[PDB]
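A single chain comes next, written as structure tokens; it is the form deposited in one PDB entry.
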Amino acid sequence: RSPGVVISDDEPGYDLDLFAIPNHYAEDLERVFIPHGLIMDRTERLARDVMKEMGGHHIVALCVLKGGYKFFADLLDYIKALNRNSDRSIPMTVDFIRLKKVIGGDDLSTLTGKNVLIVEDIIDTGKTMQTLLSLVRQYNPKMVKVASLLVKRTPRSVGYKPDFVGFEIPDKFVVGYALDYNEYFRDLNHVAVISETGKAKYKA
């Protein structure tokens, strides 16, 4: 199916001075990699693709924190827009989980017999998603799909690819739009690349 918006390995990105950038990170980012408004435009379209394939039965939206919170909130807002401007709509429930083994959610028995949409910020090797999916399938959901904002082109991939992708990106470390570098850079609406100064100041 669709592999998303392909960002080539040689993408230059954009000069920071062409966009509005948080003052505290000005010296800490290299380039803007994916502008926030382009994330919205892509997400809008994924929202329609999601409803096409899953609007026929109750959806349980499952946000993988922390990185996924922003993508999850905006994906859901566009899905909500679809549901209030059209005759066809089905209820949605939401839940949140963090991965260490699953940390702090509803009991997974809520997923049984439901359309489960797992929402992720990034897929790298895909090992984590494979592991979460084999766990979720033990609870017998009607169906389980994975929406991920980014998929990284990496040789370390184990072969997993999600059902809805936003962008496919080089094997580069990106921050922003809730993706972090040691907890920092979540408070940034663009996806960006850290500068050298940057990763020093916030090294662990």
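Superpose the two forms; the largest set of C-alphas matching within 1.5 Å is the rigid core. Start at 1 and count along the sequence shown; that's the residue number.
S.K.: Does the deposited sequence hold unmodelled residues between residue 100 and residue 101, and if so, how many: none, 1 to 3, 4 to 9, or 10 or more?
M.R.: In the deposited sequence, 10 or more residues between these two have no coordinates.
S.K.: Should the higher mean CA B-factor in the entry be assigned to 5-13 or to 176-184?
M.R.: Per the PDB record, 5-13.
S.K.: Would you determine, from the values in the PDB entry, which of 106-114 and 70-78 has the greater average C-alpha temperature factor?
M.R.: Stretch with the higher mean C-alpha B-factor: 106-114.
S.K.: Please pick out which of 162, 37, 166, 56 has the largest Cα B-factor as recorded in the entry.
M.R.: Of the candidates given, the C-alpha B-factor peaks at 56.
S.K.: According to the Cα B-factor stored in this entry, which of the following is highest: 154, 148, 43, 138?
M.R.: In the PDB entry, the greatest C-alpha B-factor among 154, 148, 43, 138 is found at 154.
S.K.: Considering only modelled residues of the same chain, in which third does the CA B-factor of residue 119 rank: lowest, middle or highest?
M.R.: Residue 119: CA B-factor falls in the lowest third of its chain.
S.K.: Using the B-factors in the PDB entry, rank residue 32's C-alpha atom against the chain and give the third, lowest, middle or highest.
M.R.: It belongs to the lowest third of the chain when residues are ordered by C-alpha B-factor.
S.K.: Within this chain, which third does the Cα B-factor at residue 132 fall in: lowest, middle or highest?
M.R.: It falls in the middle third of the chain.
S.K.: What third of the chain does residue 47 rank in for C-alpha temperature factor, lowest, middle or highest?
M.R.: Middle third.
S.K.: Check where residue 63 lands among this chain's C-alpha B-factors and tell me if it's the lowest, middle or highest third.
M.R.: CA B-factor rank for residue 63: lowest third.
Keep in mind that the form deposited in another entry is missing from the display, and what follows is about it.
S.K.: After a rigid core superposition, would you say the CA of residue 166 moves by 2 angstroms or more between this form and the one not shown, or not?
M.R.: Moves: no, less than 2 Å.
S.K.: When the two forms are laid on each other by their rigid core, does residue 141 show a Cα shift of 2 Å or more between this form and the one not shown?
M.R.: No, residue 141 moves less than 2 Å.
S.K.: How about residue 67 - superposed on the rigid core, does its CA move between this form and the one not shown by 2 Å or more?
M.R.: Superposed on the core, residue 67 moves its C-alpha 2 Å or more between this form and the one not shown.
S.K.: Based on a C-alpha change of 3 angstroms or more, tell me if residue 141 and residue 68 lie closer or farther in that other deposited form than in the shown form.
M.R.: Their C-alpha distance grows by at least 3 Å in that other deposited form.
S.K.: Answer with closer or farther for the CA-CA spacing of residue 12 and residue 169 in that other deposited form compared to the shown form; it moves by 3 Å or more.
M.R.: Residue 12 and residue 169 sit closer together in that other deposited form.
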